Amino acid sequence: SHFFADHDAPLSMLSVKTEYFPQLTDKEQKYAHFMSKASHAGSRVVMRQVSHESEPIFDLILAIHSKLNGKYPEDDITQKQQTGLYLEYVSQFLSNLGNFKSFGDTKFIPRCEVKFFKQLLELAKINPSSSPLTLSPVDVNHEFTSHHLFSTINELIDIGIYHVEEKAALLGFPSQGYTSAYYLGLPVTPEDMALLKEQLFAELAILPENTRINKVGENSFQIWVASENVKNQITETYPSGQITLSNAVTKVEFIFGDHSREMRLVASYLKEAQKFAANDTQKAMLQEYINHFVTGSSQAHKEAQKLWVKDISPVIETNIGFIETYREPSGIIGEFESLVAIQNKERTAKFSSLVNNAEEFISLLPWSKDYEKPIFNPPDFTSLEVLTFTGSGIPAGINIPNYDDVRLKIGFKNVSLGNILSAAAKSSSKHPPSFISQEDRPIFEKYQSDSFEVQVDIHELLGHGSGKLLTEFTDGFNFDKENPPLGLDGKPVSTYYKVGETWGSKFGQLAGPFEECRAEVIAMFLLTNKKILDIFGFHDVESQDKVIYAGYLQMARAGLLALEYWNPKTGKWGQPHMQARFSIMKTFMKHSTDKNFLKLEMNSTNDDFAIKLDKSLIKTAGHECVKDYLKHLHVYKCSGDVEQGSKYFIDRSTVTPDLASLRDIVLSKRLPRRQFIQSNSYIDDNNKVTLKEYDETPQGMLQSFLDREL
């Protein structure tokens, strides 16, 4: 593996300005605005938590750009190449808010020559011997930053930016030769963090998520608390000054005011958004967040979360703070992150319409009422559009809070991030989607997104929502035990779920991919339904057939891309959704009534191919092989036929020699980790919230952050 930044990384502008944002009321826009400002105010916080050089590098990047007036070297074509490489590093750095990638926790360095990097200083007239401290905003409290670890800017470039050591290039315990920005001073050991967890935090009932550890001695620690306050204003919970643990040796002192500058900014913006909250619960929630970032009380954040869980299906969903605790070695301290996601209000309405008509579509599904619930119970499913996500990496969904006591007692939120999931399937880059023929590029590029959304909604509502397991209870069955439902062969099934037995227990690990497949096939099945399309806003036959075509084409492609997550050595799948999609693509190709429904045209060098899917066969062969696959999956699952069901699905998901031969090709067409650019909001002369977007380029990413500094 290499330690270089990505080249030709795909950049996605998280656009919500044209379609989604305009749907929000004025109040909702203002709320979204200030929560976004609060989110971005924590950018530097994340950096300080990724690596010690991260913030300094950020400052240097800003300094260079400023002193060069945004004009980078472009004389010789070599200078152009070196500039591009430099900007690609900057872009990836900004995408991860630091120089250790969130996906892998490994340090990455620029591809441009170090000599060139230092030439940027020459051009910008930045004295390489000066201290990085001179590059920081004057109101950043350097007592809690890492600039001092680098005597000169030259050292920052050499050691911070470029230097690589196998161990040091990985997040972990500094005592073991690794890197961690959660720890400062002397090398922090696992024993240290084990002791602090039990004999300090647990002992004093103090949640550790918003802290950093400064080891000032072999047995002396400082606990830096993230807060605007520079003093302890919560002595009822936090000890004042130095204390000694139970071992009468270890000394610990809580020091407040870490990230004070940013905490103050975050709190000020939360206060603004509070004026525009949608209900009293959101207002109270914000107050606790404010108490949390101002005072440093970690309990206040938990109090915010308890209120948050009680805020049902808001139009503007948010969550902020030191949330996930996996990047810190001992796994108890959280990395800052902040989310602002908005409803697609039109989509929410369409989904409601789908629910209101659910029973009708359920009946249309290819099985007897014997394998269906008498009354439809709509599953819980939330899809939102990311407007802002400040953090080391933007997830495809969120499942929080992480406080086990709150999750159990009050509940938790599970939210899917639409425009993030959509990007993974869209496969947007600096030119055509892999394996899509030129002939299909137009329609695919135009309808892929729409078909994807339609399929997701059906998948989640009617897909997972449908079905009844033939089950035994302590005193009776939910089916006619004497004359059980008929199987696919027309004979009464002899299988069922005995008392205590569940889908998961009976089908074991196969249950995951199997059910995801069933849900996916249900979506494909109903994709061609006239009223379904009407509900989703496709009323004319021409656009309908295009959505359908794009849906089948996208599924075929997805099943082939899935080969990446199949291990040719062990034959085991790495992701349930991938195995399911593959089985469906394989169904099109090998189990249709017409062999020419799905074909793969290899190029002359057998290192690339084009998907040939016959649109005119979708109505017949296409629909029938999907309906066929669905009937088997559903009856097998519901009748508890683990024996037939397993063999059936395992076979359909088995990578045949011909398809296995394509894996290398699939791997070669893999796009690098996607980098997301976030909009910037502001209030105009007319007191109107306005969104500013940016080009999907390294310069665009850079600009999006420049516009956030001042």
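All residue numbers are counted from 1 along the displayed sequence.
285-293 and 185-193 differ in mean CA B-factor, and the higher of the two is recorded for 185-193.
Taking the mean C-alpha B-factor of each stretch as recorded, 260-268 and 121-129 are not equal, and the higher mean is that of 121-129. In this entry, the residue among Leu87, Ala168, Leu563, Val225 with the greatest C-alpha B factor is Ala168.
Taking the deposited Cα B-factors for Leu600, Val521, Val635, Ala556, the highest one is held by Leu600.
In the PDB entry, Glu303 places in the lowest third of its chain by CA B-factor. For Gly512, the recorded CA B-factor ranks within the lowest third of the chain. Only modelled residues enter the ranking. Among all modelled residues in its chain, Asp651 ranks in the middle third by Cα B-factor. In this PDB entry, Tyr31 carries a Cα temperature factor that places it within the middle third of its chain's modelled residues.
Ranked by C-alpha B-factor against the other modelled residues of its chain, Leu421 falls in the highest third.
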